[PDB]
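Notes follow once the structure below has been shown.
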Amino acid sequence: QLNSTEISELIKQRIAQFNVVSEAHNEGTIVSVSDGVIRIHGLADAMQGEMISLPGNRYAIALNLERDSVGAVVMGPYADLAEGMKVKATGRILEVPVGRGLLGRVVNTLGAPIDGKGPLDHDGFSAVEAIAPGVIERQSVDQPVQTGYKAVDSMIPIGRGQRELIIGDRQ
Amino acid sequence: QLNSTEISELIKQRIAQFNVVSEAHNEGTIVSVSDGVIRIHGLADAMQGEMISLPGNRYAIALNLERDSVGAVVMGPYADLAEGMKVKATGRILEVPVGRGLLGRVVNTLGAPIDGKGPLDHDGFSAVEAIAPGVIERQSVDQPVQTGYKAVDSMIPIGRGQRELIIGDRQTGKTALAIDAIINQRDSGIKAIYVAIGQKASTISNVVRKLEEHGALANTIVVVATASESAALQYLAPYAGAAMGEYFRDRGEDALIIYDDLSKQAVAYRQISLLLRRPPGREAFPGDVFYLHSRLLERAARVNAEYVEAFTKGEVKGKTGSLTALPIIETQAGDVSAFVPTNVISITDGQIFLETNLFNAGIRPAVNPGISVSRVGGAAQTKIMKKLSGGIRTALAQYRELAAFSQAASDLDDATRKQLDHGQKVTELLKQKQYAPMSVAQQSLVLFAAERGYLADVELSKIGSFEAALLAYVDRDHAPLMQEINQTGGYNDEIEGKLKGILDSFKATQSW
Amino acid sequence: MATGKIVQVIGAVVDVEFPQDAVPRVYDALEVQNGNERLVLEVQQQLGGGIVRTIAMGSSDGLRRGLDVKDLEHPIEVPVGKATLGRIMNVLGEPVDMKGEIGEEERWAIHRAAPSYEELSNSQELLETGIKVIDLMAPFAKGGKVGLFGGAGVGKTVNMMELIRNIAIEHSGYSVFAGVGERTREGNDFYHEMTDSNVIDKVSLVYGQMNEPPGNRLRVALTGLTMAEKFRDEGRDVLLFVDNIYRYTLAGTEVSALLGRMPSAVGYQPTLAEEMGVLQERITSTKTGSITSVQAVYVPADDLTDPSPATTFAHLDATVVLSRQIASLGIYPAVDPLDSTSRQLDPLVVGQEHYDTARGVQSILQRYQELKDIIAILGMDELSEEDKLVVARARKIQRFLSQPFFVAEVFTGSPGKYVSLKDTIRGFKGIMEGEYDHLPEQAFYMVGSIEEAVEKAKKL
Amino acid sequence: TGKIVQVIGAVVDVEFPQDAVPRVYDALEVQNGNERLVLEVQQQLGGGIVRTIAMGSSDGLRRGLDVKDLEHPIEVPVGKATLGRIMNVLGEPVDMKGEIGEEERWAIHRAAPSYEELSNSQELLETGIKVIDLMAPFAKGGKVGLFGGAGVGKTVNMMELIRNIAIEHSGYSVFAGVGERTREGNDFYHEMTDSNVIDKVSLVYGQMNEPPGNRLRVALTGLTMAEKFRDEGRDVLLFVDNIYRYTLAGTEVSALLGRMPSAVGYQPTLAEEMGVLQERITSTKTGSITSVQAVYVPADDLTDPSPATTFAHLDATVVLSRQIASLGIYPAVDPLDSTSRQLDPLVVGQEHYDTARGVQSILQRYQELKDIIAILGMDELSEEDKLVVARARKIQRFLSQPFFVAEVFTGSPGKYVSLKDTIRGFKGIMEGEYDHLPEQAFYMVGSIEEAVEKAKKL
Amino acid sequence: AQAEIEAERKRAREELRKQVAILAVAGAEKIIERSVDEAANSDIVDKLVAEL
Amino acid sequence: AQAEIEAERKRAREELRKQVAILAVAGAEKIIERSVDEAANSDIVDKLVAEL
Amino acid sequence: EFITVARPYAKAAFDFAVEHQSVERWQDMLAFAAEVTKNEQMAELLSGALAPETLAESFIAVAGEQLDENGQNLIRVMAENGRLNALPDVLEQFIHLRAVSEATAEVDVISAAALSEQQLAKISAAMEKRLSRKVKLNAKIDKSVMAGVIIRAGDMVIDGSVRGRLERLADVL
Ligand SMILES: Nc1ncnc2c1ncn2[C@@H]1O[C@H](COP(=O)(O)OP(=O)(O)OP(=O)(O)O)[C@@H](O)[C@H]1O
Ligand SMILES: Nc1ncnc2c1ncn2[C@@H]1O[C@H](COP(=O)(O)OP(=O)(O)OP(=O)(O)O)[C@@H](O)[C@H]1O
Ligand SMILES: Nc1ncnc2c1ncn2[C@@H]1O[C@H](COP(=O)(O)OP(=O)(O)O)[C@@H](O)[C@H]1O
Ligand SMILES: [Mg+2]
Ligand SMILES: [Mg+2]
């Protein structure tokens, strides 16, 4: 026997009017904050895997779509957030800066420069989650990837397009 | 003289003490019952850790204050209860009687007497749950706790306020060593407490009977929780025992406390916690199992005279009190690397490790050097003991390792031969009978004879005879030196010369 | 009038709804009519809403939701006293033999409180079994627990029958046998072997057969225990045999799992040590009488560290080990003198003569084992005169550990013998110290007292 | 303005009006009889409910007590005024001296320094202990971790490091007592005051008798002070008495917060709790923190997730072992598992690297011979395998060393061994130039001189 | 020594028989503000006296 | 031996004391039940409501 | 047992009733809802696994003489969450909330003797000193007290019975 985020003022709102107005399906409110996970009430149009914009310039990823709740994980310092904050769903899946100008840079996982050498000179944006090329779009691997270590390059060859596990204990 | 009139007068006095006017109380109802756990509805004014009175004379402890119920555990047989019985709230947080009038009594973990002696006399109550004195209030340990045995006073000395874990397998002499420690404090002015958690009942009665048989019982408090009784009583037994020991500590006196099996208490917390569905960890104990033994044992301490003065409102000046703890852990197959043994080794000031292979070989008490340690250091020991003992511990460890390799191959180089002879004679010298304590003068003579080389020309089969004769010789003629060494444990060149003369003359003049 | 109603039936677990003011207490017993048979339910938990959760002492098949449940205001009650000797009963104290209704002078509740402290005997007496190996090498404390570490096929049952016989004749005690988790085949022929040996009139039998539900098996132990408590209260010294304590542990585990409590240790119930303590602390010596117990022990995976052995060994006083190898020698009983032990062997409780004699025979037998390895690899030529003396006395000692039972007359044809402790001490004292070196080892075998050994020798 | 509504162990739930609910990690305050109690906010639940950890005794709390909302985190005294004094988790003085005359207070919850702000150094910081320096050299401004089970010497080793490092260090230092014995701290404090070095050390104590919230947040407080002395541009020495207790306090609290268990009953957020603390105890371009952390390992299990994730956060890791302590060999460092990021030919020179690798190779071969030695004994070894065994045993014994803080146990005088002496000794032993001495000559001697001298004494 | 207690056991219980009546009456009026005239209470305390 | 006998003295004293205590409250019970079927109840309840 | 899940609905319904002041009418509406839940044919339906919409509208058709806009919409919310059996408890907690808001309390008076009107009068006055709320006294007659009066203001109890005084004395000795 347990509650499910049915709480007093929300219930009173539904008592006043059960078929509550369409309003915007685009937006909702945070109802809980803990350990970098937030629960949001509303967001009728939030898609699974979509970015949710938060106060300041921060985002969350909608991972659980449940019966009148969205579970989302915060992509940064969460402890500043609070219950009752408004949030708006974007139309966007997570995308990252991409291009030749990233060579020689150190970036975080959102692609923001972290080395302090100034802004990027990327070549547009690419989706973080994407599907791999199909069976008919592959080609066999035959060119080498030269590691430079005698044991590896002799006994354990690595070719262009191979996936080679490096596995062992600490240190 | 048994006298009827004085009993009648006492009953009349109780009638006079009773007050007929009633008092308002907050009340609640039992809602559910299982395995000694209770769920109660009501008690809006309850506090966590409170004592709730049930029908009859039984009580319960409030563990969880849920939104619309209280989770609680019965301190006794819970089977007689039923949903709907009214429960009243005594605002008293869990408490138990304390005072020096408890010495010589056998008592339940709720403070009720279990012996047939009668009602109990106490100097108020002390709280079972409390936080030990802080870092500034503590004082360094600087005085000995002379138990009867040769080995642990020479190799693993214990100071007043120290915590030292007696650890070994079942039927290895743990209980005997602890109660012989109690019995030797019979005359040393240190009060003693023995807490039996989960032992078979017949054992406990036999232990009390042996304590009485040696006259130590008048100096002990005994707290009992049998293997038959509810797990909550066992779980709270060591905390009640701790609450009594603190009384002497805070008045500037010295006390000694034995916990008979902390492993059984840990099992009890397993049962209560798992019945409350708390997620288990390693070996199925909760992570709270460290905190359990931590806060229990950390009460044992030595406190500075400023704390004693501040506590007693200045009625005691300049004295320093202490509580010395000897916890006991039973470990499977001698494995010192299991979870709970490792936790308690991480809390005490050392441990005394008893090895079943030594015990089966007749080497008793079966103390294992190298594993046994006293982290407090030699500061606990007296001067003569500290000088005469010295490196005996590491010499014994090295002798045992050398015997290990010497069994494998023949390589004897005359210093190995004499090292082996010396180690074998020292091990034969360290063994000792049960209930046979010996004073520091006797111990110092024994150590002196061992390390000044006098046991040369003495057979291994003669070593016990040599000691019996030597202690009788020194009891007969040079007794005043024994009185002197027992009064002040002072090692001088004068006393060394007297000991040298005694051993020279004994070795040359006497027989064994 | 019945006042509760069944709400759920899920396996052996049955839930019942009573009126809010009448909720039956824990371990109270309840009865329902399951078809044209009554079925007894034992209350385990008082849930909210007036619903109690129970376990069926029998097959829970055929129960409907909404049956009427009748509230007996007491736990399960069983008959006790002399009228139960020679009878066979189930968990409920009902006769499972066909000899008909029991006398039933008194009926007692299986769930009882334990003896309290001021009731315990202020002494530490010994029990004289009359069997040479046991009284010498592993003496029983009166009111102690003894563990029988042997597999079937080496004489467990004949040892048990010999103890029953000797405690009935040479003392004035009765015995209770509790067959926890016993195959029906064994129960049948243990019953036959006791009736054809005249010990049946001096023992009471309660069998929990394995085909019974877990609730039955668990409470079978308690039934035998309460019958032993009745014989104790009459002032006797009583023997209680438990056919396997491991089965009691496992029945507790199964019931705890069915009720859904969180597991502990190596998957055992959280209440393991408590349940063992509840059983074992009732078996003690009181100021009126005593219950001594002999309990068969099975060690899982041959692992003495497992929680069931580790918990059981906390309570045992003596330990009897039976050996296939000793049995192959023709030596009966097949007790192993070097692995069997008792924590009563100290001078402080047993005296210096008995202690030094037991230690002596142990030393001789151990040295004999080492010398027998030397003989195996290098023959008898290596032995000195001292070694040959040790070997000879060891062989005489080993022969002298055999004994003819009043129960074994069927095979040997020799009359059975009960040997007093003093006679055993004197015999091994003499053999150890070189007396009786002048008469052969076969004079000691299966004879009895040492006087009987020398009188056997005179025409052997 | 708020009311207590549930009380579960050390965790307390409080209800606030919808417009007034506290932020995460704000500090609340309650009257518990005649005491004052501080609660730290962990989670915001639905409907103005907020869930907190009691920074003090939970006993005596009713439901319905009024809670006051202090609108800031736990903030502690900081700077030169905190020096030579002992403090609570809440920044309160616990010594009987008066008020701390602090000019500034900092919140214990802070963001870690940026990747752009970090700094690196190769400077070897010599420590007297022979084994640590040769096998695992530790540089100034880095992290050192002492791993060991219960009672294997990870506190005593740190006291020797405190003695030896304080010889060549001039600046301030901070000591965080986290969930350990009160007696160790009391003894430490009086050693510091009787040697007049206390004027340079700041102490925070959260020892093992205190309730879970205190032991959880005491570590963060100590980091706050160490970060002040770093940010003044100084260099700082930070000693942590036991970092394991910090993760275990989170374990003790975790299930009561309503979180599903992970792995061996641990909290699901274990890696982040460890990382968020570890990443701010670091050097920067304005100042540097040098730190030694004792790491308790439960049940001697070096594969347990807490020690396992601790390994990744350290530069030099010294692994102590019970098997070696049981042989008498102290300090009981295992040379085949202790390692450092600084053991490079470029950093320590080719001799320093070649000697260490020779020692490891010889010892590793000693291990592989132990099974045949166990079954068949030494006489069935090859004629140079016997020589390997002899040199490995000598090396094992020469790793042992008398400590100035172990005179209270051994009685032997202590020894300090400089780098230009220990590598000479081990190189000579490896090359066999000192092979003629007996094994016992190398036990508990400072330098090769003392070994040959001891061999003259047999 | 035990035998000596047996004589006193009976001797003393006889004294407590007669003291019990006094104690019972006193306790009853401690419970109740108004006193009792013992009109039908002699038989009551006599049964108490008989039982001890 | 002396200590053993002293313990017996204490045990006997308490045994007899327990009997008198329980019989005293039983006697107060019997006295009260017969003697309270009056307006004495009004005396008690008036003082209660004055104290309430 | 629905004691813990009833609170949100009781509180929200009470606040809405207060805003529109028809608290007494709301209590009638909930009483009607609680009695339909006890019916033999309905208590079978409420346990079936029908989709909330169909089940709710059957209940709503049965629940005549309720307000479509507000009361029947409370029914809709409870149907969605599958909690219509909470109505007999939501009613009691709504009544409790009303008693709290109206600063009025109900208490029980128990004795072996039927109490005189003057005794009850003085009891009510004293209780209104102890309790800020006005008090409605309920008279219960039980021979258990044997004498005296048992005051029962819910969980707060003042015992004035001779038997209580006696069994309190028995444990002093
Ligand atoms: N000094 C001694 N010499 C000989 N035997 C001894 C000595 N001390 C103890 N014993 C023996 O050790 C045995 C067990 O003693 P004890 O009860 O203290 O062991 P334990 O390991 O604490 O047992 P348990 O785990 O059952 O509590 C007894 O037989 C006792 O006689
Ligand atoms: N160099 C040494 N020589 C001899 N003994 C030592 C040495 N270092 C440590 N020890 C031993 O280790 C014991 C405990 O030391 P220490 O407190 O450092 O251990 P630990 O593993 O950190 O323990 P814990 O976690 O319980 O505090 C000392 O009392 C001593 O017996
Ligand atoms: N005292 C004895 N005399 C003769 N034979 C025996 C004796 N004890 C055991 N045996 C033999 O051992 C075998 C098994 O005996 P049994 O009583 O069935 O063992 P268990 O009771 O262990 O099943 C039988 O052949 C039996 O004759
Ligand atoms: Mg013991
Ligand atoms: Mg330490």
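Chain labels follow the order of the structure tokens: the first chain is A, the next B, and so on; residue numbering restarts at 1 in every chain, and ligands are counted from 1 in their shown order.
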
Using the chain letters and numbers from this document, which residues of segment 16-165 of chain G does DSSP assign to strand (DSSP E or B), as a PyMOL selection string? chain G and resi 104-111+134-141+148-153+156-161

Please, could you write that set of residues out with N, CA, C and O atoms as an mmCIF file, in the first residue's frame?
```
data_model
loop_
_atom_site.group_PDB
_atom_site.id
_atom_site.type_symbol
_atom_site.label_atom_id
_atom_site.label_comp_id
_atom_site.auth_asym_id
_atom_site.auth_seq_id
_atom_site.Cartn_x
_atom_site.Cartn_y
_atom_site.Cartn_z
ATOM 1 N N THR G 104 -14.007 21.424 17.672
ATOM 2 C CA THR G 104 -14.981 20.661 18.436
ATOM 3 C C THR G 104 -14.496 19.223 18.558
ATOM 4 O O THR G 104 -13.984 18.651 17.592
ATOM 5 N N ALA G 105 -14.653 18.641 19.745
ATOM 6 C CA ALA G 105 -14.134 17.311 20.026
ATOM 7 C C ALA G 105 -15.220 16.420 20.613
ATOM 8 O O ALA G 105 -16.162 16.892 21.254
ATOM 9 N N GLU G 106 -15.073 15.118 20.375
ATOM 10 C CA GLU G 106 -15.950 14.085 20.912
ATOM 11 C C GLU G 106 -15.143 13.189 21.843
ATOM 12 O O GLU G 106 -14.069 12.708 21.465
ATOM 13 N N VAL G 107 -15.646 12.976 23.060
ATOM 14 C CA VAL G 107 -14.945 12.191 24.072
ATOM 15 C C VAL G 107 -15.923 11.240 24.752
ATOM 16 O O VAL G 107 -17.132 11.488 24.796
ATOM 17 N N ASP G 108 -15.390 10.147 25.302
ATOM 18 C CA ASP G 108 -16.187 9.118 25.961
ATOM 19 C C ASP G 108 -15.994 9.147 27.471
ATOM 20 O O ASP G 108 -14.880 9.340 27.967
ATOM 21 N N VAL G 109 -17.095 8.940 28.189
ATOM 22 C CA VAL G 109 -17.116 8.862 29.646
ATOM 23 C C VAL G 109 -17.641 7.479 30.015
ATOM 24 O O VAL G 109 -18.737 7.096 29.588
ATOM 25 N N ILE G 110 -16.867 6.730 30.800
ATOM 26 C CA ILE G 110 -17.175 5.333 31.097
ATOM 27 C C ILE G 110 -17.152 5.116 32.603
ATOM 28 O O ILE G 110 -16.227 5.568 33.288
ATOM 29 N N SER G 111 -18.164 4.414 33.115
ATOM 30 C CA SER G 111 -18.240 4.101 34.536
ATOM 31 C C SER G 111 -19.149 2.897 34.753
ATOM 32 O O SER G 111 -19.964 2.546 33.896
ATOM 33 N N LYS G 134 -14.612 22.686 22.098
ATOM 34 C CA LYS G 134 -15.829 22.290 22.793
ATOM 35 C C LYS G 134 -15.953 20.770 22.764
ATOM 36 O O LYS G 134 -15.440 20.102 21.864
ATOM 37 N N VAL G 135 -16.647 20.211 23.756
ATOM 38 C CA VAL G 135 -16.679 18.763 23.940
ATOM 39 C C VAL G 135 -18.113 18.243 23.930
ATOM 40 O O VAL G 135 -19.014 18.822 24.548
ATOM 41 N N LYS G 136 -18.311 17.144 23.201
ATOM 42 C CA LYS G 136 -19.540 16.359 23.200
ATOM 43 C C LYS G 136 -19.265 15.079 23.985
ATOM 44 O O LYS G 136 -18.454 14.249 23.561
ATOM 45 N N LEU G 137 -19.912 14.930 25.139
ATOM 46 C CA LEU G 137 -19.687 13.762 25.981
ATOM 47 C C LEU G 137 -20.545 12.583 25.541
ATOM 48 O O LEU G 137 -21.739 12.733 25.262
ATOM 49 N N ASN G 138 -19.929 11.403 25.494
ATOM 50 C CA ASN G 138 -20.610 10.154 25.176
ATOM 51 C C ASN G 138 -20.600 9.268 26.416
ATOM 52 O O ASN G 138 -19.535 9.007 26.987
ATOM 53 N N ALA G 139 -21.778 8.807 26.826
ATOM 54 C CA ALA G 139 -21.921 8.038 28.056
ATOM 55 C C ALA G 139 -21.900 6.544 27.749
ATOM 56 O O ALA G 139 -22.748 6.045 27.001
ATOM 57 N N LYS G 140 -20.932 5.838 28.331
ATOM 58 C CA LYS G 140 -20.810 4.390 28.230
ATOM 59 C C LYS G 140 -20.822 3.818 29.642
ATOM 60 O O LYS G 140 -20.177 4.373 30.538
ATOM 61 N N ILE G 141 -21.556 2.728 29.848
ATOM 62 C CA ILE G 141 -21.691 2.118 31.167
ATOM 63 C C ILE G 141 -21.075 0.722 31.133
ATOM 64 O O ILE G 141 -21.492 -0.138 30.346
ATOM 65 N N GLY G 148 -15.698 4.931 40.122
ATOM 66 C CA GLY G 148 -14.939 5.980 39.479
ATOM 67 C C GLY G 148 -15.335 6.141 38.028
ATOM 68 O O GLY G 148 -16.267 5.509 37.525
ATOM 69 N N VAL G 149 -14.599 7.012 37.340
ATOM 70 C CA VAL G 149 -14.907 7.379 35.964
ATOM 71 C C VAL G 149 -13.644 7.290 35.116
ATOM 72 O O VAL G 149 -12.569 7.729 35.540
ATOM 73 N N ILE G 150 -13.776 6.703 33.931
ATOM 74 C CA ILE G 150 -12.700 6.624 32.950
ATOM 75 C C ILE G 150 -12.947 7.697 31.900
ATOM 76 O O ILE G 150 -13.981 7.687 31.222
ATOM 77 N N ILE G 151 -12.002 8.625 31.759
ATOM 78 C CA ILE G 151 -12.090 9.699 30.774
ATOM 79 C C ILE G 151 -11.274 9.293 29.558
ATOM 80 O O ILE G 151 -10.079 8.996 29.677
ATOM 81 N N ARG G 152 -11.909 9.282 28.385
ATOM 82 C CA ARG G 152 -11.273 8.797 27.158
ATOM 83 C C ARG G 152 -11.460 9.823 26.041
ATOM 84 O O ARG G 152 -12.440 9.783 25.290
ATOM 85 N N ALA G 153 -10.512 10.752 25.939
ATOM 86 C CA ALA G 153 -10.475 11.722 24.844
ATOM 87 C C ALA G 153 -9.636 11.181 23.685
ATOM 88 O O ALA G 153 -8.614 11.743 23.294
ATOM 89 N N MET G 156 -5.679 10.324 24.266
ATOM 90 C CA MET G 156 -5.418 10.902 25.581
ATOM 91 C C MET G 156 -6.424 10.344 26.582
ATOM 92 O O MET G 156 -7.635 10.526 26.413
ATOM 93 N N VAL G 157 -5.932 9.673 27.623
ATOM 94 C CA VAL G 157 -6.784 8.972 28.576
ATOM 95 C C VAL G 157 -6.404 9.387 29.992
ATOM 96 O O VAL G 157 -5.222 9.374 30.351
ATOM 97 N N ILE G 158 -7.406 9.737 30.796
ATOM 98 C CA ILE G 158 -7.245 9.965 32.228
ATOM 99 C C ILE G 158 -8.077 8.911 32.946
ATOM 100 O O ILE G 158 -9.298 8.844 32.757
ATOM 101 N N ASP G 159 -7.421 8.090 33.759
ATOM 102 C CA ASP G 159 -8.050 6.935 34.388
ATOM 103 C C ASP G 159 -8.425 7.317 35.815
ATOM 104 O O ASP G 159 -7.566 7.732 36.596
ATOM 105 N N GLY G 160 -9.701 7.172 36.154
ATOM 106 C CA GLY G 160 -10.173 7.476 37.492
ATOM 107 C C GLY G 160 -10.956 6.334 38.103
ATOM 108 O O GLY G 160 -11.913 6.554 38.849
ATOM 109 N N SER G 161 -10.556 5.106 37.789
ATOM 110 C CA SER G 161 -11.252 3.906 38.231
ATOM 111 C C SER G 161 -10.536 3.291 39.424
ATOM 112 O O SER G 161 -9.306 3.331 39.515
#
```

Write down as a list in words the residues belonging to chain A that are assigned alpha helix (DSSP H) by DSSP computed on the backbone.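 Taking chain A and keeping alpha helix (DSSP H) only, one gets residues 8, 9, 10, 11, 12, 13, 14, 15, 16, 150, 151, 152, 153, 154 and 155 of chain A.
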
Output C-alpha atoms for every residue in that selection, as an mmCIF file, in the first residue's frame.
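Saved file result-v6.cif follows:
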```cif
data_model
loop_
_atom_site.group_PDB
_atom_site.id
_atom_site.type_symbol
_atom_site.label_atom_id
_atom_site.label_comp_id
_atom_site.auth_asym_id
_atom_site.auth_seq_id
_atom_site.Cartn_x
_atom_site.Cartn_y
_atom_site.Cartn_z
ATOM 1 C CA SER A 8 -2.851 17.413 -1.895
ATOM 2 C CA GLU A 9 -2.812 20.475 -4.145
ATOM 3 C CA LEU A 10 -2.600 18.414 -7.348
ATOM 4 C CA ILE A 11 -5.648 16.419 -6.229
ATOM 5 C CA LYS A 12 -7.480 19.650 -5.403
ATOM 6 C CA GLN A 13 -6.729 20.958 -8.903
ATOM 7 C CA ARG A 14 -8.187 17.779 -10.396
ATOM 8 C CA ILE A 15 -11.202 18.020 -8.061
ATOM 9 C CA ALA A 16 -12.002 21.482 -9.406
ATOM 10 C CA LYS A 150 56.153 -6.287 -31.441
ATOM 11 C CA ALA A 151 53.959 -8.772 -29.561
ATOM 12 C CA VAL A 152 50.676 -7.146 -30.609
ATOM 13 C CA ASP A 153 51.519 -6.426 -34.242
ATOM 14 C CA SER A 154 52.890 -9.943 -34.714
ATOM 15 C CA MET A 155 50.567 -12.255 -32.806
#
```

At most 8 Å from ligand 4 (only C-alpha atoms and all ligand atoms): residue list as a ChimeraX atom specification: /B:170-171,173-176,199,260-261

Distance limit 9 Å, reference ligand 3, atoms considered: only C-alpha atoms and all ligand atoms. Which residues make the cut? Give them as an NGL selection string. :C and (150-160 or 190 or 322 or 327 or 330-334 or 402-405 or 407-412)

Quick one: everything within 9 Å of residue 72 of chain C, counting only C-alpha atoms, minus sequence neighbours fewer than 4 positions away in the same chain. Send it as a PDB file with N, CA and C atoms, in the first residue's frame.
```pdb
ATOM      1  N   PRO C  24      -7.281 -14.780  17.303  1.00  0.00           N
ATOM      2  CA  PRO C  24      -6.553 -15.806  18.054  1.00  0.00           C
ATOM      3  C   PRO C  24      -5.070 -15.468  18.235  1.00  0.00           C
ATOM      4  N   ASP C  28      -1.633 -20.391  18.821  1.00  0.00           N
ATOM      5  CA  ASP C  28      -2.932 -21.009  19.056  1.00  0.00           C
ATOM      6  C   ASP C  28      -3.257 -22.001  17.945  1.00  0.00           C
ATOM      7  N   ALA C  29      -4.102 -22.975  18.268  1.00  0.00           N
ATOM      8  CA  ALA C  29      -4.529 -23.986  17.310  1.00  0.00           C
ATOM      9  C   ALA C  29      -5.976 -23.746  16.893  1.00  0.00           C
ATOM     10  N   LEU C  30      -6.256 -23.968  15.610  1.00  0.00           N
ATOM     11  CA  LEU C  30      -7.574 -23.774  15.018  1.00  0.00           C
ATOM     12  C   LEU C  30      -7.980 -25.036  14.268  1.00  0.00           C
ATOM     13  N   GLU C  31      -9.289 -25.286  14.169  1.00  0.00           N
ATOM     14  CA  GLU C  31      -9.782 -26.454  13.451  1.00  0.00           C
ATOM     15  C   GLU C  31     -10.796 -26.059  12.383  1.00  0.00           C
ATOM     16  N   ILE C  76      -1.727 -26.508  20.212  1.00  0.00           N
ATOM     17  CA  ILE C  76      -1.935 -27.936  19.996  1.00  0.00           C
ATOM     18  C   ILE C  76      -1.613 -28.694  21.274  1.00  0.00           C
TER      19      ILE C  76
END
```

In Å, how far is it from atom CA of residue 33 of chain E to atom CA of residue 4 of chain B? 28.9 Å

What residues in chain G lie within 8 Å of chain E, counting only C-alpha atoms, written as an MDAnalysis selection string? chainID G and resid 162 165:166

Which residues are near ligand 1 - at most 8 Å, using only C-alpha atoms and all ligand atoms? Format: as an mmCIF file with C-alpha atoms, in the first residue's frame.
```cif
data_model
loop_
_atom_site.group_PDB
_atom_site.id
_atom_site.type_symbol
_atom_site.label_atom_id
_atom_site.label_comp_id
_atom_site.auth_asym_id
_atom_site.auth_seq_id
_atom_site.Cartn_x
_atom_site.Cartn_y
_atom_site.Cartn_z
ATOM 1 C CA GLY B 168 39.218 -18.303 19.156
ATOM 2 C CA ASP B 169 37.179 -21.318 18.142
ATOM 3 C CA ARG B 170 34.602 -23.162 20.258
ATOM 4 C CA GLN B 171 35.893 -25.102 23.281
ATOM 5 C CA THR B 172 39.256 -23.333 23.393
ATOM 6 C CA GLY B 173 39.199 -21.808 26.898
ATOM 7 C CA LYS B 174 37.806 -18.333 26.174
ATOM 8 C CA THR B 175 35.297 -18.406 29.054
ATOM 9 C CA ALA B 176 37.811 -19.808 31.543
ATOM 10 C CA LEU B 177 40.366 -17.099 30.759
ATOM 11 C CA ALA B 178 37.785 -14.328 31.113
ATOM 12 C CA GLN B 199 24.934 -19.034 26.463
ATOM 13 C CA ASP B 260 30.733 -13.395 26.622
ATOM 14 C CA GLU B 330 33.880 -17.175 18.484
ATOM 15 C CA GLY B 362 48.186 -29.564 25.882
ATOM 16 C CA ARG B 364 47.307 -24.209 27.840
ATOM 17 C CA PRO B 365 46.510 -21.338 27.895
ATOM 18 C CA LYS B 431 51.506 -23.253 30.530
ATOM 19 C CA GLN B 432 49.329 -22.933 33.616
ATOM 20 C CA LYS B 433 46.415 -24.603 35.433
ATOM 21 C CA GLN B 434 42.834 -23.339 35.501
ATOM 22 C CA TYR B 435 41.790 -21.260 38.546
ATOM 23 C CA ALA C 314 27.179 -24.852 20.560
ATOM 24 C CA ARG C 343 33.640 -31.891 27.704
ATOM 25 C CA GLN C 344 32.944 -33.697 30.991
ATOM 26 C CA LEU C 345 36.492 -35.160 30.893
ATOM 27 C CA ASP C 346 38.156 -32.869 33.410
ATOM 28 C CA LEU C 348 37.304 -30.810 38.246
#
```
